[PDB]
Each structure stands twice: as C-alpha cells, then as structure tokens.
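Here is the structure we will look at, set down as structure tokens.
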Amino acid sequence: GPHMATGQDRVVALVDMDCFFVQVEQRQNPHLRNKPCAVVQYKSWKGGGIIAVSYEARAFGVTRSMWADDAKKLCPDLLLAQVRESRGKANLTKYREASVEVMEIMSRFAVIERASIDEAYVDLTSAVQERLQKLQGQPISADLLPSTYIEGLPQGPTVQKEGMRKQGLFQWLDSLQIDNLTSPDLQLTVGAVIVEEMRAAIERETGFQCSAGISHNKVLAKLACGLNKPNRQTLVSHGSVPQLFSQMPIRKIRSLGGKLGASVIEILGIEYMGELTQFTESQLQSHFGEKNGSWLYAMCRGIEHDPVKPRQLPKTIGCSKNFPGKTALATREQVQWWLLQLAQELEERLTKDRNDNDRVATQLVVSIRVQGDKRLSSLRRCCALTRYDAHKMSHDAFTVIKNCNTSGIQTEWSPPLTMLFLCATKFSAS
DNA sequence: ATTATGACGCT
DNA sequence: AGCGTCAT
Ligand SMILES: Nc1ncnc2c1ncn2[C@H]1C[C@H](O)[C@@H](COP(=O)(O)OP(=O)(O)OP(=O)(O)O)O1
Ligand SMILES: [Ca+2]
Ligand code: NA
C-alpha cells in the first residue's frame with residue numbers, strides 16, 4: 001500500500017545514435033546519404049566484415065557480422081565505407097572522435113554516463129524539477145514533443161504511423177495532471193520535452209540523428225529507446241509496465257540476454273518478463289543468487305536503482321587484433337612485431353588522452369588467445385605502466401607472455417597465437 | 001575467419 | 001589478481 005515503493009523517484013533517459021558508424025561515414029561522404037550502405041572492416045576476406053548498417057540496407061536483410069560478399073547477394077547496390085587501417089589493423093579513431101562530439105553536447109544538459117561509443121544515460125531528475133518551476137502549472141503542448149511515442153497508447157474506444165503516434169500522445173497529454181509538481185507521469189513528460197531539445201541540439205550541431213528512451217530507471221529507458229527507432233524517442237511510464245512486460249521476452253531486458261536469462265527461462269518455465277511477478281523475492285534469490293534475485297524481483301515490477309554514474313570518459317584504453325585460421329602467429333618475430341604495432345597505437349591514444357583529460361594510466365594488461373581455445377581470452381597478465389613509450393610497452397608485454405611459448409625452439413611460437421590485446425588501465429590524475 | 005572494443009561481477 | 005559475463 002502506502003509504504004510500497006514504486007521506483008518513480010528519478011527521470012532517466014538513454015540516448016543512442018542511429019546506425020552510428022554509418023552516419024559518421026555519411027556525414028563525411030554525401031554520396032552515401034539516404035542509400036543502403038554499411039561500414040566494413042578489412043576487405044580481403046569475403047569483402048570485409050560488416051559492423052554497421054543503414055536502415056535502407058536493413059530492409060534488404062543486411063545485418064551486422066555478415067560478410068560484405070554475402071550482403072551484396074541480398075542488396076546488390078549496397079554501398080560500403082571501410083574502417084581506417086593503420087599499422088596493419090583497424091583503427092576506430094574517427095568514431096571515437098565523433099562520439100566525443102555527441103557526448104560533450106549531452107553534457108550541457110546534464111551529467112551523463114558513457115555507456116558505449118554511441119550511448120549515454122542521463123539523470124534528468126534535477127533538470128525536470130527546474131523546468132517545472134518555469135512552467136508554473138502551464139500545460140504541455142504536443143508541439144513540444146514532435147517525435148515522441150507514449151508506449152501503450154493509443155488504446156480504448158487512421159491507418160498511418162504518424163497518426164497513431166499523435167493519437168497516443170494526445171490521449172497521454174489529455175490525462176496529465178499538470179497541477180501536481182510531484183506527479184511521476186508529469187515528470188517523465190517534462191523529461192521528454194528536454195530530450196527533444198537535447199536530440200535537436202545533437203542533430204543541429206553534428207548532423208547525427210538518434211533515438212532515446214525516457215523512463216524512471218536505466219533498464220526501462222534502454223528498453224524504451226529501442227521501441228521506436230530510428231530518429232524517434234519513446235516514453236515508458238511506470239503504468240505501462242504490466243502490459244509491456246506481459247509479452248516481453250526475458251532476453252530483451254539488459255543483462256538477461258545471455259546465460260542468466262536462459263536459466264531464468266529454463267528453471268522457472270516462463271517466457272516473458274511479467275511472468276516473474278509470481279515468484280517471491282526469496283524464491284528468485286534461491287535460484288539466481290541474492291543480488292540477481294532482488295534485482296529480478298524489483299525489475300519485473302518496473303523498479304531498478306542502478307544510478308546514472310557521473311562518467312563521461314572511458315576507464316580503459318585498449319588495442320586488440322585477431323589472427324584467425326592460417327594467419328595465427330607462429331614465430332617469435334611475428335609476435336614481437338604485432339605487439340609493437342598494437343603498442344604504437346596505444347601510445348598514440350594514451351598521449352592524446354593525457355593532454356586532453358589530465359590523467360595517466362598506471363597499469364598495462366596483456367591478453368592472448370592460443371589456437372584451440374574456445375574461450376575469447378586464454379591468458380591475462382598485468383605489469384606496471386610507468387612510461388608512455390611503445391617499445392617499452394611492447395617489450396614488457398612480451399616479457400609477461402613469453403613463457404606461454406610451448407615450443408622448445410627459441411625462434412618458434414607454439415601454439416600459435418590467434419589474438420593479442422594490450423590495455424591501459426588504473427588512471428590517476430595528472 | 002567476426003572483429004574491436006569496453007564495463008563490471010566473482011573468487 | 002585473473003577469469004567470466006554481457007554489452008555495443
Ligand atoms: N559487435 C560489434 N563489433 C564491432 N563494432 C560494433 C559492434 N556492435 C556495435 N558496433 C559499433 C558499430 C555501431 O555503429 C556502433 C553502435 O552500435 P549499436 O548501437 O549496437 O548499433 P548502431 O548504432 O549501428 O545501430 P542502431 O541504430 O540499431 O543503434 O558500435
Ligand atoms: Ca546506436
Ligand atoms: Na549504442
């Protein structure tokens with residue numbers, strides 16, 4: 001009853017760029033705009049691997065992970081942009097730099113949590129309170145929400161997409177209590193008005209379009225964001241949760257896409273998020289552990305407490321390369337040359353990072369994969385990172401891995417290595 | 001022969 | 001510390 005928390009204490013948004021690497025390439029090369037197009041890395045092996053796909057190309061069935069030669073079978077006029085290659089490896093600098101452009105804009109509106117190269121969570125609780133004071137009980141016009149969907153509406157007693165959207169928006173606004181400054185639904189709505197403003201500023205200042213979700217926590221905001229992509233934003237209210245979750249496959253909720261979600265399904269014999277409500281908190285803790293159990297019990301009711309962490313910069317800076325099949329590194333000289341290639345890219349990114357962000361990394365993590373292991377990483381060792389110098393870092397990386405060499409011969413490397421990875425971590429202010 | 005990242009939980 | 005999970 002009156003003591004039952006409803007998880008309506010915050011307004012949180014998740015903003016995610018549409019087909020991000022594709023938009024970066026389309027901005028740069030206008031010939032790619034408004035066309036079926038994809039971004040690919042490498043090219044020699046089956047035309048390159050696809051990492052991003054424009055919405056026009058998705059209509060033909062083109063997807064991430066697909067080889068470009070295969071994508072062309074579905075979409076013969078597919079256009080391609082290639083990721084930059086430097087020092088013999090893919091270099092993602094252009095996209096990291098485009099990401100900073102977007103993140104700096106978002107940061108004008110509120111504190112953000114950088115969730116990936118093209119996604120940030122925003123805690124808007126404070127900004128909403130403020131805007132509510134300016135409004136002074138004044139109603140919110142649909143004109144302030146020109147790209148917003150209200151999940152679950154319209155409902156109750158036109159056949160076009162935009163007409164539906166407006167009908168739902170109208171029902172939502174018609175029902176709002178604008179007189180109550182602490183109404184969660186009102187707070188969400190003001191949140192959405194602010195996100196429209198953030199999304200317009202992003203598009204104006206960078207050319208990039210995005211989608212967004214607005215709800216009371218990160219998981220719902222993330223789920224909401226995906227409901228109406230591209231170039232749209234979706235509000236998911238606390239009230240919309242029972243119907244939304246009633247047919248929502250468990251794997252769709254962030255963190256349940258893998259083995260834990262599979263076990264929730266198998267152990268409990270259910271399919272949808274809403275079905276979770278029938279288990280006690282202790283039942284769920286008994287199957288999935290204390291932390292997961294509590295999290296599930298609240299989450300299936302639309303409640304989650306994970307904070308938007310104040311962090312705009314990545315916590316680690318890493319460089320990795322696979323050496324598949326026949327290309328696996330089998331000689332000491334090969335291993336040393338590639339460690340250097342990786343180490344040079346890392347030095348370049350670290351030096352830039354130190355000048356930009358007033359910090360220095362203090363630990364170097366080195367990770368390899370050996371031919372045969374099903375696991376992505378086979379071994380991980382750390383050493384001190386005391387100077388930003390590529391030759392030193394590559395020398396140290398070798399030292400910590402060289403005893404992995406099974407070969408009795410000095411010059412040979414066995415088993416051959418199928419992945420090398422260098423990562424700078426443990427930053428300190430400077 | 002997906003590849004290149006990046007955050008966080010467990011012991 | 002080193003490994004695993006989950007994500008983009
Ligand atoms: N598995 C991956 N391997 C390499 N790069 C990836 C991978 N997944 C995503 N990326 C890169 C390319 C994407 O443009 C960018 C953002 O990813 P993501 O948000 O999942 O898709 P997207 O932005 O391309 O399309 P969407 O409009 O569906 O969000 O990160
Ligand atoms: Ca995206
Ligand atoms: Na994303």
Side-chain angles (χ1 to χ4, degrees), chain A residues 14-22 38-53 63-71 82-96 99 113-121 218-219 222 225-226 251-263 288-292 295 306-307 309 311 313-328 342 345-346 349 363-369 371 373-384 400-401 404 418-427:
Chain A
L14 180 277
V15 177
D16 165 275
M17 309 306 298
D18 298 329
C19 54
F20 182 53
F21 290 12
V22 166
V39 173
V40 303
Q41 50 192 9
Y42 304 119
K43 199 93 185 69
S44 309
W45 184 268
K46 301 182 174 179
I50 290 183
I51 61 174
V53 187
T63 62
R64 169 175 297 131
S65 101
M66 192 167 284
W67 298 115
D69 286 344
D70 294 333
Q82 285 182 267
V83 174
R84 185 181 168 193
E85 277 176 68
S86 307
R87 309 191 221 265
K89 67 177 294 300
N91 189 297
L92 306 176
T93 297
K94 190 199 296 183
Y95 317 107
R96 291 193 184 99
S99 169
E113 180 185 338
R114 186 211 194 255
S116 76
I117 193 159
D118 82 328
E119 303 187 5
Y121 292 97
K218 291 163 57 170
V219 165
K222 173 57 170 171
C225 184
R251 66 177 178 276
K252 300 302 180 172
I253 284 61
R254 178 199 103 190
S255 88
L256 299 186
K259 291 171 173 176
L260 173 62
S263 60
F288 313 112
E290 188 181 326
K291 191 171 169 178
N292 291 335
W295 186 88
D306 185 35
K309 298 165 182 48
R311 179 193 74 239
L313 304 171
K315 289 190 164 185
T316 55
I317 294 183
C319 207
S320 81
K321 183 173 177 49
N322 282 3
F323 302 95
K326 186 175 164 299
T327 66
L342 283 179
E345 179 189 324
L346 188 59
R349 289 157 63 186
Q363 181 164 88
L364 177 68
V365 175
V366 183
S367 174
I368 69 181
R369 194 187 179 184
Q371 203 152 48
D373 195 339
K374 180 186 177 306
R375 306 178 292 164
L376 263 59
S377 166
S378 297
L379 178 137
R380 201 210 75 148
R381 299 280 192 270
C382 60
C383 63
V400 304
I401 73 166
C404 281
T418 51
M419 183 278 300
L420 291 184
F421 175 55
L422 293 177
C423 186
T425 73
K426 299 199 180 315
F427 284 95

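By convention in this document, chain letters (A, B, ...) are assigned in the order of the sequence lines, proteins followed by strands, and residues within each chain are numbered from 1. These numbers come from the heavy atoms of this one structure, side chains and all, not from hydrogens, waters or symmetry mates.
- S65(A) comes within 4.0 angstrom of a base, heavy atoms only.
- Here the range on DNA chain C touched by chain A, meaning any atom under 4.0 Å from one of its heavy atoms, is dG2(C) to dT8(C).
- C423(A) comes within 4.0 angstrom of no nucleic acid atom, judged by non-hydrogen atoms across all strands.
- Within 4.0 Å of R251(A), counting heavy atoms only, lies no atom of the nucleic acid at all.
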Requested in this report: Apply side-chain contact (heavy atoms from CB on, under 4.5 Å) to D118(A) and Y95(A), showing your working.
Outcome: CA-CA 9 Å; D118(A) 82 328; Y95(A) 317 107; over 6 Å; no
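- For the pair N322(A) (side chain) and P324(A) (backbone), a donor-acceptor distance under 3.5 Å is absent.
- Across all strands shown, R64(A) has heavy atoms under 4.0 Å from base atoms, whether or not it also approaches the sugar-phosphate.
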Which side-chain N or O atoms in residues 253-263 of chain A pair as donor and acceptor under 3.5 Å with protein atoms at least two apart or in another chain?
from: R254(A); atom 1: NH1; to: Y121(A); atom 2: OH; distance (Å): 2.9
from: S263(A); atom 1: OG; to: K259(A); atom 2: O; distance (Å): 3.3
from: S263(A); atom 1: OG; to: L260(A); atom 2: O; distance (Å): 2.7

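- In this structure, the side chain of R369(A) engages the main chain of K374(A) through a donor-acceptor pair within 3.5 Å.
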Considering only distance and modelled atom types, tabulate donor-acceptor pairs under 3.5 Å from the side chains of residues 39-47 of chain A, sequence neighbours left out.
from: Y42(A); atom 1: OH; to: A90(A); atom 2: N; distance (Å): 3.1
from: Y42(A); atom 1: OH; to: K321(A); atom 2: NZ; distance (Å): 3.2
from: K43(A); atom 1: NZ; to: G47(A); atom 2: O; distance (Å): 3.0

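- Nearest-nucleotide assignment on DNA chain B puts the 5′-proximal partner with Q41(A), out of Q41(A) and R311(A).
- Taking both residues in full, the closest heavy atoms of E113(A) and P307(A) are given as OE1-O, 3.4 Å, listed atom of the first, atom of the second, then distance.
- Where DNA chain B meets chain A (any atom under 4.0 Å from a heavy atom), the bounding nucleotides read 5' to 3' are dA1(B) to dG9(B).
- Scanning for side chain to side chain contact (heavy atoms under 4.5 Å, CB included) contacts around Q363(A) gives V365(A), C382(A), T425(A), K426(A), with sequence neighbours left out.
- Note on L379(A): only backbone sugar-phosphate atoms sit closer than 4.0 angstrom, heavy atoms only; bases stay farther off.
- Heavy-atom neighbours of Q82(A) CD from other residues, nucleotides or ligands within 6.0 Å: above the threshold of 12.
- For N292(A) (side chain) and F288(A) (main-chain N/O), a donor-acceptor pair under 3.5 Å exists by modelled atom type.
- Looking at heavy-atom distances under 4.0 Å, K326(A) makes no contact with the nucleic acid at all.
- Across all strands, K89(A) comes closer than 4.0 Å only to sugar-phosphate atoms, never to a base (heavy-atom distances).
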**Report entry** Verdict with reasoning, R114(A) to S99(A), per side-chain contact (heavy atoms from CB on, under 4.5 Å)
**Finding:** CA-CA 10 Å; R114(A) 186 211 194 255; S99(A) 169; 4.2 Å; yes
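- Here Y42(A) lies in heavy-atom contact (under 4.0 Å) with sugar-phosphate atoms only.
- A distance of about 16 Å separates the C1' atoms of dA7(C) and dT2(B), rounded to the whole Å.
- Contacts with DNA chain C (heavy atom under 4.0 Å) in residues 113-121 of chain A: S116(A), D118(A), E119(A), listed by number.
- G258(A) comes within 4.0 angstrom of sugar-phosphate atoms only, judged by non-hydrogen atoms across all strands, and of no base.
- Residues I317(A) and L346(A) share a closest heavy-atom pair of O-CD1, 3.3 Å.
- The shortest distance between side-chain heavy atoms of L376(A) and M419(A) does not fall below 4.5 Å.
- Between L313(A) and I50(A), the one whose closest nucleotide on DNA chain B sits nearer the 5' end is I50(A).
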